[PDB]
Amino acid sequence: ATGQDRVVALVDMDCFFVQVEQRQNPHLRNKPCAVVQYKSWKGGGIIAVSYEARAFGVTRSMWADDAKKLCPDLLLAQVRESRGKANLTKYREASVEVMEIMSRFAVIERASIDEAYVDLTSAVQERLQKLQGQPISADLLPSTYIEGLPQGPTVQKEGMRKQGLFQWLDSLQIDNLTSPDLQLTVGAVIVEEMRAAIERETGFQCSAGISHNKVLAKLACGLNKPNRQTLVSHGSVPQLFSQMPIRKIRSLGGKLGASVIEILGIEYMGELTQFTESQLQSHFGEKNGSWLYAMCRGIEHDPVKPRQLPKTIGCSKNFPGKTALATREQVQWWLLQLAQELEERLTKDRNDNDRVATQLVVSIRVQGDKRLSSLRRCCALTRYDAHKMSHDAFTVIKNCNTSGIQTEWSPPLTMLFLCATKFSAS
DNA sequence: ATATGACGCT
DNA sequence: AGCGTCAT
Ligand SMILES: Cc1cn([C@H]2C[C@H](O)[C@@H](COP(=O)(O)NP(=O)(O)OP(=O)(O)O)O2)c(=O)[nH]c1=O
Ligand SMILES: [Mg+2]
């Protein structure tokens with residue numbers, strides 16, 4: 001394998017929600033502006049920021065009323081609200097558009113709402129003998145950088161770009177249809193044309209990674225951004241990882257990586273390499289001394305599971321602070337309220353994808369519990385009717401109340417998560 | 001007081 | 001089945 005079988009990409013839309021609202025209300029174009037959920041408490045919570053607005057310091061998970069103190073001429077599109085919660089239809093609609101476009105090129109896996117990994121390996125082959133040995137001109141990759149290039153014997157940003165591109169193509173071996181670096185270059189032209197096509201047909205710009213496995217392609221994606229792609233070649237990796245902080249590797253963002261530093265005593269992805277696959281396992285998993293040991297050597301094998309369609313549909317809403325729920329009548333209302341948008345989507349799912357969910361998950365968080373899901377009770381799901389799901393998901397949870405008046409509810413709930421899983425082909 | 005989906009482990 | 005972890 002040597003971390004060079006597949007050709008894998010990760011496309012990712014640049015401030016996805018913001019572009020969607022930027023394409024709708026065009027005054028928002030080329031202006032610093034963010035998108036917000038809810039309006040009462042301090043102007044709303046941010047979730048997405050145009051890059052002209054990150055220039056002032058505006059981050060997500062920040063109060064719109066605070067980021068207005070960071071940015072003065074910062075515009076504000078609010079996410080459509082329905083039944084007192086977030087109605088993200090707009091963006092899922094935009095999402096299905098871009099994935100229809102991408103799917104035309106290679107088998108893709110829907111990563112997030114705005115991300116898709118692509119398995120270009122099967123495609124790069126069906127082109128290398130379908131062009132004889134074409135020189136592969138620079139004009140075909142007008143948005144690609146080559147991480148780790150150019151080497152060296154008054155440049156601006158695009159000056160430096162051309163340079164590394166021509167260094168790539170110069171040592172290119174358009175003859176060796178086997179060389180791994182050459183196929184990288186092929187998948188990249190494809191991603192150039194994929195990326196060029198999405199803009200052509202949605203107006204949405206995005207950024208890509210092109211490399212040999214899921215992980216490199218993601219880290220590659222975020223390097224040059226926005227409206228750019230990076231081709232982290234197998235040879236880039238020792239330079240790229242030498243100073244890459246370990247937490248920037250997908251899967252290493254959470255606890256595992258946190259302890260990886262605290263146990264091994266390091267900070268960068270390169271520092272992780274001075275250990276045996278045996279040695280690492282004793283400090284971590286039997287699967288994690290392994291996975292790490294290949295990763296820090298630029299090798300990963302988790303395949304692009306081709307799947308453009310989520311396995312689960314779910315509606316969630318938080319009740320933070322003094323807005324937690326403490327009434328039998330209050331919990332019941334929202335569970336219906338949640339069940340009402342859930343029906344809507346499930347029917348949208350039925351007549352779109354020809355499938356139907358079978359089990360319902362009801363989940364709640366509690367004021368106090370150091371947990372997202374303090375409870376998660378998985379039940380049955382026949383007909384797509386809210387009142388049925390409403391009452392049934394309630395009767396699931398009614399027996400963890402500890403108020404001795406049954407009109408009230410305690411400890412109050414911070415979250416209701418209604419989630420439909422197990423879609424059968426009917 | 002920063003709405004969602006994927007998966008792993010038991 | 002039901003928790004815990006990771007992610008956008
Ligand atoms: C991380 C995150 C994202 N989102 C929404 C908003 C994003 O616009 C959209 C994709 O999130 P992203 O890919 O992490 N960031 P972005 O697409 O807005 O900006 P960029 O990719 O860094 O250019 O999903 C949430 O609603 N809650 C969250 O916690
Ligand atoms: Mg994005």
# chains A, B, ... in the order shown; residues from 1 in each chain; ligands from 1
call {"tool": "closest_atom_pairs", "arguments": {"of": "chain A", "to": "chain C", "cutoff": "8 Å", "atoms": "only C-alpha atoms (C1' of nucleotides)", "output": "Markdown table"}}
result
| residue | atom | partner | partner_atom | distance |
| --- | --- | --- | --- | --- |
| A:112 | CA | C:8 | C1' | 5.5 |
| A:113 | CA | C:8 | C1' | 7.1 |
| A:114 | CA | C:8 | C1' | 7.8 |
| A:251 | CA | C:6 | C1' | 6.2 |
| A:253 | CA | C:6 | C1' | 7.5 |
| A:254 | CA | C:6 | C1' | 6.6 |
| A:376 | CA | C:2 | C1' | 6.4 |
| A:377 | CA | C:2 | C1' | 7.2 |
| A:378 | CA | C:1 | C1' | 7.3 |
call {"tool": "write_last_selection", "arguments": {"atoms": "N, CA and C atoms", "output": "PDB file, in the first residue's frame"}}
result
ATOM      1  N   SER A 112     -20.018  16.116   5.781  1.00  0.00           N
ATOM      2  CA  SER A 112     -20.948  16.913   6.559  1.00  0.00           C
ATOM      3  C   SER A 112     -22.011  17.469   5.620  1.00  0.00           C
ATOM      4  N   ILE A 113     -22.742  18.500   6.073  1.00  0.00           N
ATOM      5  CA  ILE A 113     -23.703  19.135   5.172  1.00  0.00           C
ATOM      6  C   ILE A 113     -22.989  19.813   4.014  1.00  0.00           C
ATOM      7  N   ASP A 114     -21.744  20.263   4.214  1.00  0.00           N
ATOM      8  CA  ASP A 114     -21.029  20.968   3.160  1.00  0.00           C
ATOM      9  C   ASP A 114     -19.733  20.283   2.731  1.00  0.00           C
ATOM     10  N   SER A 251     -10.099  12.816  13.585  1.00  0.00           N
ATOM     11  CA  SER A 251     -10.116  11.735  14.575  1.00  0.00           C
ATOM     12  C   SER A 251      -9.203  12.061  15.751  1.00  0.00           C
ATOM     13  N   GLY A 253      -8.816  15.093  16.833  1.00  0.00           N
ATOM     14  CA  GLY A 253      -9.250  16.365  17.386  1.00  0.00           C
ATOM     15  C   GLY A 253      -9.702  16.289  18.831  1.00  0.00           C
ATOM     16  N   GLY A 254     -10.184  15.130  19.269  1.00  0.00           N
ATOM     17  CA  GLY A 254     -10.766  15.029  20.593  1.00  0.00           C
ATOM     18  C   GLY A 254      -9.817  14.563  21.677  1.00  0.00           C
ATOM     19  N   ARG A 376     -31.157   7.946  26.222  1.00  0.00           N
ATOM     20  CA  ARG A 376     -31.366   7.677  24.799  1.00  0.00           C
ATOM     21  C   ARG A 376     -32.113   6.348  24.704  1.00  0.00           C
ATOM     22  N   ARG A 377     -33.432   6.422  24.540  1.00  0.00           N
ATOM     23  CA  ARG A 377     -34.285   5.242  24.582  1.00  0.00           C
ATOM     24  C   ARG A 377     -34.875   4.983  23.202  1.00  0.00           C
ATOM     25  N   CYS A 378     -34.512   3.837  22.619  1.00  0.00           N
ATOM     26  CA  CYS A 378     -34.758   3.522  21.214  1.00  0.00           C
ATOM     27  C   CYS A 378     -36.039   2.702  21.099  1.00  0.00           C
TER      28      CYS A 378
END
call {"tool": "interface_residues", "arguments": {"of": "chain A", "to": "chain B", "cutoff": "7 Å", "atoms": "only C-alpha atoms (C1' of nucleotides)", "output": "PyMOL selection string"}}
result
chain A and resi 61-62+316-317+320-321
call {"tool": "write_last_selection", "arguments": {"atoms": "N, CA and C atoms", "output": "PDB file, in the first residue's frame"}}
result
ATOM      1  N   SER A  61     -20.066  30.337  17.054  1.00  0.00           N
ATOM      2  CA  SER A  61     -20.309  30.113  18.476  1.00  0.00           C
ATOM      3  C   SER A  61     -19.958  31.365  19.265  1.00  0.00           C
ATOM      4  N   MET A  62     -20.452  32.486  18.761  1.00  0.00           N
ATOM      5  CA  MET A  62     -20.225  33.808  19.315  1.00  0.00           C
ATOM      6  C   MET A  62     -21.521  34.587  19.144  1.00  0.00           C
ATOM      7  N   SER A 316     -33.437  18.379  16.594  1.00  0.00           N
ATOM      8  CA  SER A 316     -32.907  18.652  17.923  1.00  0.00           C
ATOM      9  C   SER A 316     -33.142  20.112  18.261  1.00  0.00           C
ATOM     10  N   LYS A 317     -33.242  20.396  19.554  1.00  0.00           N
ATOM     11  CA  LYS A 317     -33.345  21.769  20.020  1.00  0.00           C
ATOM     12  C   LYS A 317     -32.859  21.849  21.459  1.00  0.00           C
ATOM     13  N   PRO A 320     -31.355  25.999  26.838  1.00  0.00           N
ATOM     14  CA  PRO A 320     -30.344  26.405  27.815  1.00  0.00           C
ATOM     15  C   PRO A 320     -30.914  27.329  28.876  1.00  0.00           C
ATOM     16  N   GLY A 321     -30.203  27.386  29.998  1.00  0.00           N
ATOM     17  CA  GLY A 321     -30.451  28.425  30.986  1.00  0.00           C
ATOM     18  C   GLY A 321     -31.802  28.295  31.651  1.00  0.00           C
TER      19      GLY A 321
END
call {"tool": "residues_near_ligand", "arguments": {"ligand": "ligand 2", "cutoff": "9 Å", "atoms": "only C-alpha atoms (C1' of nucleotides) and all ligand atoms", "output": "CSV table (one decimal) with C-alpha atoms (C1' of nucleotides), in the first residue's frame"}}
result
chain,number,residue,atom,x,y,z
A,11,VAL,CA,-14.4,19.1,-1.3
A,12,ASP,CA,-15.7,21.6,1.2
A,13,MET,CA,-17.8,24.7,0.6
A,14,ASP,CA,-16.3,28.0,1.8
A,15,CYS,CA,-18.6,29.5,4.5
A,16,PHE,CA,-21.5,27.4,3.2
A,17,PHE,CA,-24.5,28.9,4.8
A,48,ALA,CA,-21.1,30.9,9.7
A,112,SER,CA,-20.9,16.9,6.6
A,113,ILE,CA,-23.7,19.1,5.2
A,114,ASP,CA,-21.0,21.0,3.2
A,115,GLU,CA,-18.3,18.3,2.8
A,206,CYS,CA,-15.3,25.7,-2.6
A,207,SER,CA,-11.8,24.3,-1.7
C,8,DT,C1',-19.3,20.0,10.8
call {"tool": "select_by_dssp", "arguments": {"residues": "region 228-421 of chain A", "states": "strand (DSSP E or B)", "output": "PyMOL selection string"}}
result
chain A and resi 229-231+245+268+307+313-318+325-327+356-366+375-380+408-421
call {"tool": "residues_around", "arguments": {"residues": "region 168-183 of chain A", "least_positions_apart": "6", "cutoff": "10 Å", "atoms": "only C-alpha atoms (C1' of nucleotides)", "output": "MDAnalysis selection string"}}
result
chainID A and resid 3:7 120:121 123:125 127:129 132:138 145:146 149:150 162 189 211:212 231:235
call {"tool": "atom_distance", "arguments": {"atom1": "CA of residue 301 (chain A)", "atom2": "CA of residue 213 (chain A)"}}
result
6.6 Å
call {"tool": "residues_around", "arguments": {"residues": "region 267-282 of chain A", "least_positions_apart": "6", "cutoff": "12 Å", "atoms": "only C-alpha atoms (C1' of nucleotides)", "output": "PyMOL selection string"}}
result
chain A and resi 219+237-249+252+257-261+288-298
call {"tool": "closest_residue", "arguments": {"among": "A:103, A:122, A:227, A:167", "to": "ligand 1", "atoms": "only C-alpha atoms and all ligand atoms"}}
result
A:227
